[PDB]
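The structure appears below as structure tokens.
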Amino acid sequence: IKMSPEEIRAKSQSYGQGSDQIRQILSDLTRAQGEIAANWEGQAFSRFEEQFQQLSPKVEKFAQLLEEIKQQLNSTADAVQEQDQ
Amino acid sequence: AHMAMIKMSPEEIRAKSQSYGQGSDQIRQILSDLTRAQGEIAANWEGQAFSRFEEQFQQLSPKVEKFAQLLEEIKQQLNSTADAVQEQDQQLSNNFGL
Ligand SMILES: [Zn+2]
Ligand SMILES: [Zn+2]
Ligand SMILES: [Zn+2]
Ligand SMILES: [Zn+2]
Ligand SMILES: [Zn+2]
Ligand SMILES: [Zn+2]
Ligand SMILES: [Zn+2]
């Protein structure tokens, strides 16, 4: 009546894919941010830049958390299976 | 009459804007699916060890939601800016000549 190892393993994959995709978006859009900012005079873009730079470490930290949950879920599914045997 | 210059074509600005829009929607979808997942994990393990991740997820998710919102606002600004670049080009073109 709790989650099976089978299901925990599959949920883990969703966290892993979530981590990878957030990291890839952050990478691509960091490059875009730099190019836009470098080409735009005056401060029309300045607040967007400031907010992006403040939020990006938190988004990176979240992506790493998702990968840490994925790993923990795989270890837990393993553990459940070991008891079941 | 004029704006502070952006040294980028309307075509590239709109191409970048698309990527911000896509990034925003994707992050929003991920956060929603994984918030549902966190719900189910928490239902099944309550203790201190899982609590570490539960607490970090909860503290970081609103920041990630703010980041997705930010990305949509950048998409929107870039679309407005591309329009503006074209408009100023038009005006300069229009008023050209002796
Ligand atoms: Zn992994
Ligand atoms: Zn053009
Ligand atoms: Zn370029
Ligand atoms: Zn939009
Ligand atoms: Zn959208
Ligand atoms: Zn389930
Ligand atoms: Zn706490």
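Things worth noting here:
- Residue list for region A:15-55, restricted to those being surrounded by fewer than 19 Cβ atoms within 10 Å (Cβ to Cβ) and within 11 Å of the chain's Cα centre (by Cα): A:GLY16, A:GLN17, A:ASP20, A:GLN21, A:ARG23, A:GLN24
- Some residue of region B:71-86 being of a type outside the set (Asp, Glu), in contact with a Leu (Cβ under 6 Å, 6 or more places away or on another chain) and within 23 Å of A:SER27 (Cα to Cα): no
- Within region B:69-80, the set of residues being within 9 Å of another protein chain (Cβ to nearest Cβ) and within 9 Å of the chain's Cα centre (by Cα) comprises B:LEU70, B:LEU71, B:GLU73, B:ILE74.
- Applying the condition of being of a type in the set (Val, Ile, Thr) and away from ligand 5 (no atom under 16 Å from the Cβ) to region B:1-60 and asking which residue is farthest from the other protein chains (Cβ to nearest Cβ) yields B:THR35.
- Pairing each residue of region B:45-63 that is in a helix (DSSP H, G or I) with any residue that is small (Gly, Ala, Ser), provided the two are 6+ apart or on different chains, yields C-beta distances under 7 Å for B:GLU54/B:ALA42.
- Of the listed requirements (1) part of a loop (DSSP other than H, G, I, E, B); (2) more than 16 Å from ligand 2 (Cβ to nearest atom), B:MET8 misses just one: (2).
For neighbour counting, all protein chains shown are included, and Cβ atoms are generated from backbone atoms with ideal geometry for every residue, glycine included. Quick note: the coordinates plus some simple rules give every number you see, no bench work behind them.
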